[PDB]
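Notes follow the structure.
Cβ placement follows ideal geometry from the backbone for every residue including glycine, while neighbour counts extend to all protein chains displayed. Read the figures in this text as sums done on the coordinates, not as results from a lab.
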Amino acid sequence: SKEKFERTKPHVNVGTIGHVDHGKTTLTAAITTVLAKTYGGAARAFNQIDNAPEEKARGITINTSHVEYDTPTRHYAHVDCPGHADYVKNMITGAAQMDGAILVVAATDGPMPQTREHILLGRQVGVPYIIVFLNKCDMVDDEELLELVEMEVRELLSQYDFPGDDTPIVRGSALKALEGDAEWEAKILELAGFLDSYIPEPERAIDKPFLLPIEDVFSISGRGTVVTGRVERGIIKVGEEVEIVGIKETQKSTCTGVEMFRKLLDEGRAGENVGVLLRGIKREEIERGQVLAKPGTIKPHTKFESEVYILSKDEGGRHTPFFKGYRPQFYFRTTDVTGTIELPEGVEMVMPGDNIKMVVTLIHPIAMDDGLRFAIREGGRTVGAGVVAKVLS
RNA sequence: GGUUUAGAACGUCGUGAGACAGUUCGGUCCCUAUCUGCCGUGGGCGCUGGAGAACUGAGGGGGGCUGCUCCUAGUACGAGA
Ligand SMILES: Nc1nc2c(ncn2[C@@H]2O[C@H](COP(=O)(O)OP(=O)(O)NP(=O)(O)O)[C@@H](O)[C@H]2O)c(=O)[nH]1
Ligand SMILES: [Mg+2]
Ligand SMILES: [Mg+2]
Ligand SMILES: [Mg+2]
Ligand SMILES: [Mg+2]
Ligand SMILES: [Mg+2]
Ligand SMILES: [Mg+2]
Ligand SMILES: [Mg+2]
Ligand SMILES: [Mg+2]
Ligand SMILES: [Mg+2]
Ligand SMILES: [Mg+2]
Ligand SMILES: [Mg+2]
Ligand SMILES: [Mg+2]
Ligand SMILES: [Mg+2]
Ligand SMILES: [Mg+2]
Ligand SMILES: [Mg+2]
Ligand SMILES: [Mg+2]
Ligand SMILES: [Mg+2]
Ligand SMILES: [Mg+2]
Ligand SMILES: [Mg+2]
Ligand SMILES: [Mg+2]
Ligand SMILES: [Mg+2]
Ligand SMILES: [Mg+2]
Ligand SMILES: [Mg+2]
Ligand SMILES: [Mg+2]
Ligand SMILES: [Mg+2]
Ligand SMILES: [Mg+2]
Ligand SMILES: [Mg+2]
Ligand SMILES: [Mg+2]
């Protein structure tokens, strides 16, 4: 909080995806040290990508850590997702804001059960583009074995509905590029080139009014309570009226400073992760899931009609019917929420792999409008995608 | 210290003397080692002229415990932990 962030180069939200203990967080650390050395950005280290007691005694990552590496063309903003099956909830918030992912499959183990689950969540939420990275390579010195894994990833993406063969696969060790090997340093400089070439300039919405889903809340010692997240649409000027909408009720507020990776800003534009400082609000009363909207634009609702597309055994979801009373998790912009289902008159049961509409009464009210996309989940797996039809409350 | 003498008391049984793995407080533990054994340490003669050294080894004894950390490797194993 001192240096002013100069608005140059387009902003892009990137993040690593993949199996547990597969080189996902280590890739993030490899991208910093490579890009910082040659081009001349800020250095950083593997340290702080994940500190705490939880991510040291174990070694695993829980929190979605962020990184800011810069290149001549564009200014990237990383989102290193956790990895585990148990940490899928806080991952989806990191994955929703992420524009273009970096998948991490390993040459030794290959595509594992979570790799299938992570890419499954990427499609239904909103991950337009994806890039593969083989994160072991050196451990198995062979030409035939390493190339057989590349075939299975191309099959995985094409089976689950992506381009597959068009996606640029890259090979390279993360640990070898951490130190200073000339052949392996240049091979991850190549990944930065694939990030620029494949993923296009993202289409923002700098016209329709201000909205910002809160991914994680903070309490800065001195300044006040702060909320982070990607600005979904519109802009934010300093000293402007902002209404916080979502869970509990609704509160008036005013912005008193927006920032971008510990650097000041005047205008917080759309499609970029920013930390908004709020005036006269406590850490407890504001929570994760709520949205920073401009007053009057959006209203919180606890009941709505919605066209739900349930999945089958083949697509990956439920395989049995269910009657009114069923309570799955509904993942809107960031947070999840439970709700009872009231089916329409003339529909006795809901079979798997079927398009229908239904009334859903949620326990917590969330801010929503007509034409909002969500992904239903229940029992550590997906259920179905859909869209909102009508407001009731 | 306990049990198991002589003092005294409580509860209990007994008319009473007294009694009770019922309880309670107090209450002398001797022996210079002949033999066997054992740990040490010598004198005698023997071993075939005597003497001084240096070995050999039959045989005997002693010694044999194990933690943690770190690499191999967060590798096999495992959906993950
Ligand atoms: N030899 C070698 N080891 C690697 C390479 N990349 C990653 N690893 C190893 O893979 C392990 C996993 O590290 P990390 O990336 O933090 O795990 P993750 O992929 O983020 N998943 P999670 O954080 O949920 O546990 C580490 O022990 C690391 O040494 C590589 O290129 N070569
Ligand atoms: Mg492993
Ligand atoms: Mg990780
Ligand atoms: Mg393995
Ligand atoms: Mg006594
Ligand atoms: Mg006695
Ligand atoms: Mg007496
Ligand atoms: Mg007696
Ligand atoms: Mg008694
Ligand atoms: Mg006395
Ligand atoms: Mg005495
Ligand atoms: Mg005495
Ligand atoms: Mg004497
Ligand atoms: Mg003897
Ligand atoms: Mg002797
Ligand atoms: Mg002799
Ligand atoms: Mg003699
Ligand atoms: Mg003689
Ligand atoms: Mg002799
Ligand atoms: Mg002779
Ligand atoms: Mg002789
Ligand atoms: Mg002699
Ligand atoms: Mg000798
Ligand atoms: Mg000798
Ligand atoms: Mg012995
Ligand atoms: Mg180790
Ligand atoms: Mg582990
Ligand atoms: Mg290893
Ligand atoms: Mg297996």
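A simple count of charges around A:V391, restricted to other residues whose Cβ falls under 13 Å of its Cβ and scoring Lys, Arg +1 and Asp, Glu -1, yields 0. Relative to its residue count, the range A:296-376 spans a Cα convex hull of 98 Å³ per residue.
Remind me, relative contact order of chain A in percent, using alpha carbon pairs under 8 angstrom and six or more residues apart?
14 percent.
Between A:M151 and A:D21, what's the calculated FRET efficiency when r is the beta-carbon distance and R0 is 30 Å? Round to 0.05.
0.85
Looking at the range A:1-68, the trypsin sites (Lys or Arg not before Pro) that sit in a DSSP loop and have at most 11 other Cβ atoms within 10 Å of their own Cβ are A:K2, A:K56, A:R58.
With +1 on the Cβ of every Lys and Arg and -1 on the Cβ of every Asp and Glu, and nothing else charged, how large is the dipole of the range A:353-393 about its Cα centre, in debye rounded to the nearest 20?
That gives the range A:353-393 a dipole magnitude of about 80 debye.
Here the mean projected area of the convex hull built on the C-alpha positions of the range A:87-197 is 7.4 nm². Calculated FRET efficiency, A:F322 and A:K4, Cβ-Cβ r, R0 41 Å, to nearest 0.05? Once rounded, the FRET efficiency stands at 0.15.
Distance between the modelled labels on A:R123 and A:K248, one decimal in nanometres: 3.9 nm (7 Å Cα→Cβ projection). Distance between the pseudo-spin-label points of A:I235 and A:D354 (7 Å out from Cα toward the beta carbon): 5.0 nm. By the count of other C-beta atoms within 10 Å, a proxy for reagent exposure, A:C81, A:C137 are ordered fewest to most as A:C137, A:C81. Each of A:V88, A:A177, A:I119 was placed along the dipole of the range A:72-193 (beta-carbon charges, centred on the mean Cα), and the one lying farthest toward the positive end is A:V88. Considering only A:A192, A:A182, A:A29, give the residue with the highest GNM mean-square fluctuation for chain A, with springs between Cα atoms whenever their separation is below 10 Å. Looking only at A:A192, A:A182, A:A29, the biggest GNM fluctuation is shown by A:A182. Listed by number, the DSSP H helices of chain A that run 20 Å or longer by alpha-carbon position along their axis and have mean Kyte hydropathy of at least -1.0 are A:24-38, A:144-159, A:182-198. Using a Gaussian network model of chain A whose springs link C-alpha atoms within less than 10 Å, name the residue from A:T32, A:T297, A:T256 with the highest mean-square fluctuation. Among A:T32, A:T297, A:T256, the largest GNM mean-square fluctuation belongs to A:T297. Label point 7 Å out from A:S197 along Cα-to-Cβ: which residues of the range A:60-75 have amide N under 18 Å? Backbone N within reach: A:71-74.
Taking the charge dipole of chain A about its Cα centre, with +1 at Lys and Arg Cβ atoms and -1 at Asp and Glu Cβ atoms, the residue from A:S219, A:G110, A:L311 reaching farthest to the positive side is A:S219. Between the C-alpha center of the range A:237-278 and that of the range A:11-33 there is a gap of 27 Å. The modelled label-to-label distance for the pair A:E342/A:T361, using points 7 Å beyond Cα in the direction of Cβ, is 0.6 nm.
Please report the antiparallel percentage of the DSSP beta bridges confined to the range A:1-115, to the nearest 5.
Around 35 percent antiparallel, to the nearest 5.
Legend: distances between Cα atoms for A:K2/A:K24; A:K176/A:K263; A:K9/A:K237; A:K263/A:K299; A:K56/A:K187; A:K89/A:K357; pairs beyond 22 Å are A:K2/A:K24; A:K176/A:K263; A:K263/A:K299; A:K56/A:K187; A:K89/A:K357.
Magnitude of the charge dipole for the range A:161-232, about its Cα centre and with charges confined to Cβ atoms of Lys, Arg (+1) and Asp, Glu (-1), is about 420 debye.
Assuming a ≥ b ≥ c are the square roots of the Cα gyration tensor eigenvalues, decide whether chain A counts as rounded (a/c under 1.5), prolate (otherwise, with a/b larger than b/c) or oblate. Oblate.
In this structure, the amide hydrogen of A:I356, modeled 1.01 Å from its nitrogen in the peptide plane, lies closer than 5 angstrom to those of A:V308, A:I310, counting only residues at least 5 positions away or on a different chain. Identify which of A:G222, A:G257, A:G110 has the largest mean-square fluctuation in a Gaussian network model of chain A, with springs joining Cα atoms closer than 10 Å. Most flexible of the set in this elastic network: A:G222.
Its Cα gyration tensor gives the range A:1-48 an equivalent ellipsoid. The semi-axes, each the square root of 5 times an eigenvalue, are 24, 14, 11 Å from largest down.
A:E287 to A:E143: FRET efficiency via 1/(1 + (r/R0)^6), r the Cβ-Cβ distance, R0 51 Å, to the nearest 0.05? With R0 = 51 Å, the Cβ-Cβ based efficiency is 0.45.
The charge dipole of chain A, taken about its Cα centre with unit charges on the Cβ of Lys, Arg, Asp and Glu (plus for the first two, minus for the last two), comes to roughly 1800 debye. Residues of the range A:262-284 falling in the label zone of A:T256, defined by backbone nitrogen less than 13 Å from a point 7 Å along Cα to beta-carbon, are A:277-283.
Computed over every Cα-Cα pair of the range A:253-317 and binned at 10 Å starting from 0, the pair-distance distribution P(r) comes out as 14, 32, 25, 18, 10, 0 percent.
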